[PDB]
Amino acid sequence: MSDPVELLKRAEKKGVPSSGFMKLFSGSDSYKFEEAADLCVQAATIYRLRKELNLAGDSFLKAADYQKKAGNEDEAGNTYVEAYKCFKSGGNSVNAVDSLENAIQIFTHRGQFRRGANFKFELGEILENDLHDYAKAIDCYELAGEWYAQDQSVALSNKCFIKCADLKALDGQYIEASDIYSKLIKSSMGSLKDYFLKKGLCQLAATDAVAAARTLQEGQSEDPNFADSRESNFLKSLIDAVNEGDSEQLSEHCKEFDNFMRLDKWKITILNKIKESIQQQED
Amino acid sequence: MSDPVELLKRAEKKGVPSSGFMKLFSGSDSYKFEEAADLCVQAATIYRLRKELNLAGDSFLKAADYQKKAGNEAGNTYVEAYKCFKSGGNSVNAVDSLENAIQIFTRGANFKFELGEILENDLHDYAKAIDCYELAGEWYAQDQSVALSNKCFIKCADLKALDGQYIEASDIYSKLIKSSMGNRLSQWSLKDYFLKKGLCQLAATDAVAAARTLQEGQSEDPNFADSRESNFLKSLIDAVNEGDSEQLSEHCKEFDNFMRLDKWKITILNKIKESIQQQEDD
Amino acid sequence: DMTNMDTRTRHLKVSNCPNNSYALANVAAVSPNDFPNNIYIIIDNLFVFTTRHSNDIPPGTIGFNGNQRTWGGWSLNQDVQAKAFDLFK
Amino acid sequence: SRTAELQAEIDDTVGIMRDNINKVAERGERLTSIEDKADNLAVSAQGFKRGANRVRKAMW
């Protein structure tokens, strides 16, 4: 097998654009960039075969840059996807994020907002789990959902909006999370049972008990399924508890709700902030 | 980014066909139209990136017209026009774009179903929606896609019954029954179909046909025979036979208590009760 | 002395009380630019409270504790109307 | 006994639906693949059309 280092050196040698007098006799530089990209791809496949995933990702990145210089934007985007792919397998989250960003830009510029949305959702996942950059993850999820909506994909936009609303509520943006939950409810009318609940919870984290009651009433009247659901009773109990300012009653209702339907960390955080808001009210 | 207005102006400049003496030296005008369409597509993608969806739709429409003049893509561009007009809230331009795309494709059935949806919900043009659904179902049937044709026919029959055309709606329900017979997946659909058909036949003051439909459903589909829908239809037929409007109302409430009624059934039974009142006037 | 005071209505946002001492005093903490010191002010023509100067509350905002909100059924950031009050009249 | 049979049928159907849910994952992936090759195909087709036209003009 050829030495990947020698291949990269040859690609770098061929990747130098024609300058000065030579430019008047040398053809288009696109072919040189294409050859350099092919050499980089070969070296990078050799590296991946050796499980040196980070070097292979760097070599795909160089090949993608050369392809961009050659005008083959689609090949550059595919190679960037390959760079992200191997960086993620190699544990290099930052380079993976960068590769996804270039691939997303290339795809969006070519009208493939679908690919952009898929990779934006993956980028948001990477940001949320690997780098803990929750704001960028929220932005990525919101954008991915919006583009998916522009493609009439109700369910992916609904998934992206679920992620966006979850992170936004966990991030202190309760009103925006409730708005996204309303959007989810409207798109999903005709997940809803929980949506209503979650929305109300967010409205209750914002101390807007009246809005939570309005949400509960809307859910009860619009969706027969939600009206008799345990989630509706739990939301009504929480609204009543906040109205009477009985934190212990809210805790009892939470334990009762947990006993039949296990709570998740999102709900734990929302209700903890609500109880701490009661404590602030107590101050 | 290039100015979309300048791109559209350049496309218009290039979109002028060769005339007179110049036509003897200028090649085929197809290339000029292709370049104008590409410029329009670029300007329109820029508009879309700016969320100016209506202008982007207009620019796709211009590109589609140029592509038609070039002999090519115009229909797809019309589909893009439909997409962005619908996202932009311009239902009329979306309808127009779907129409040109449908004509080019004749895909036609899918976009005809979407067009019928747009007509029914956004523009409330129920007759055109009925026509679109009927045509889409017919073409789907010609493609042997039983389920899509069945969906289109459900929509068509629903709108037709709501539109005063009870006999035609019942005929479409009979077609749905015949197409769905023997399929294990559509059993419930059948269970409702029979009921709906009978209801339409009862909206037309045709109680005998409703009884015939009930008997046919009971004898042909064992599931429908023991279904609550069959008992409800029989009760409605008996009530119309005795001319007891209050008994019909009681049966409707009983049916609602276990299986919620929908607005279609509400309208059919309201017209039926008003027909009993018309008989009382008579 | 309540004889002279600006009676003009003001729309003020309900916010969390600055601290436990202010809540204990049960006195509406207001900025000097909002209203004079140690005067009775009515809110919504129903809820009367004594004003006390507080530099921690910016002008145009009114502080309440949990019990006052429970009495009025108000949420955080809710807008309420405040005017001068004269019980004697 | 009727309720136990009902439970058994429901479990079997959940079995079928998760299997079907694993197939649709394979299908979504395949569709992303076929939308990547079809884009390439459209680009190549346009390129072939243009190249053939350029040769048509050359021979003329």
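Remarks
- The overall shape of the stretch A:79-181, judged from the alpha-carbon gyration tensor, is oblate: a/c is not under 1.5, and a/b is no greater than b/c.
- Distance from the stretch A:1-68 to the stretch C:1-78 (C-alpha centre basis), Å: 71
- Equivalent ellipsoid semi-axes - Cα gyration tensor, chain D, angstrom: 56, 8, 4
- Cross-link pairs exceeding 24 Å in C-alpha to C-alpha distance, out of A:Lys183/A:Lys267; A:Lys23/B:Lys9; B:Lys68/B:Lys112, comprise A:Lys23/B:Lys9.
- Taking 32 Å as the limit for the C-alpha separation, the pairs A:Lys236/B:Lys196; B:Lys191/B:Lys273; B:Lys83/B:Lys151; A:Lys32/A:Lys136 exceed it in the case of A:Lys236/B:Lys196; A:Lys32/A:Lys136.
- Normalised by the number of residues in chain C, the mean separation of alpha-carbon contacts (under 8 Å, six or more apart) gives a relative contact order of 44 percent.
- Average projected area [Cα convex hull, the stretch A:119-170], square nanometres: 3.0
- Violating pairs (Cα-Cα greater than 19 angstrom) within the set A:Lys168/A:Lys255; B:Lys14/B:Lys62; B:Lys51/D:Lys37; B:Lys155/B:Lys253; A:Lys186/A:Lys255: A:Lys168/A:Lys255; B:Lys51/D:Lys37; B:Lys155/B:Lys253; A:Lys186/A:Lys255
- Ratio Rg/Rh [Cα only; Rh per Kirkwood] for chain B: 1.19
- Proxy reagent accessibility, fewest Cβ within 10 Å first, across C:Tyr22, B:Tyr82: C:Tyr22, B:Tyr82
- For the stretch A:174-204 versus the stretch A:241-283, the gap between their alpha-carbon centres in whole angstrom: 19
- On Cα atoms only, tilt of D:2-59 relative to the major axis of chain D in degrees: 0
- Helix-only arithmetic for the protein assembly as shown: the sum of -39500 (n - 2.57) across DSSP H runs with n ≥ 4, divided by the residue total, places the mean residue ellipticity at 222 nm at -24000 deg cm²/dmol.
- Inter-site label distance for D:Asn40 and A:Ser19 at 7 Å from Cα along Cβ, in nm: 3.6
- Straight-distance candidates among the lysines for linking to D:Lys23, with alpha-carbon spacing under 20 Å and chain neighbours fewer than 8 residues away dropped: A:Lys159.
- Check: the stretch B:159-282 dipole with +1 on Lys, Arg Cβ and -1 on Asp, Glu Cβ, in debye: 700
- Over all Cα atoms in the protein assembly as shown, the spread is summed up by Rg and Dmax: 34.2, 108 Å.
- Electrostatic tally near C:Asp1: other residues with Cβ closer than 15 Å to its Cβ, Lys and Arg +1, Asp and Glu -1, net -1.
- Shielding of peptide A:271-283 by partners, expressed as the average count of other chain Cβ atoms within 10 Å per residue Cβ, is 3.
- Nearest-0.05 FRET efficiency for A:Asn272 and C:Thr9, computed from C-beta distance (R0 25 Å): 0.05
- For chain C: Kirkwood Rh in Å [reciprocal of mean 1/r, alpha carbons]: 13.0
Cβ: placed from backbone, ideal geometry, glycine included. Neighbour counts: every protein chain shown. No value in this document is a laboratory result; all are computed from the given coordinates.
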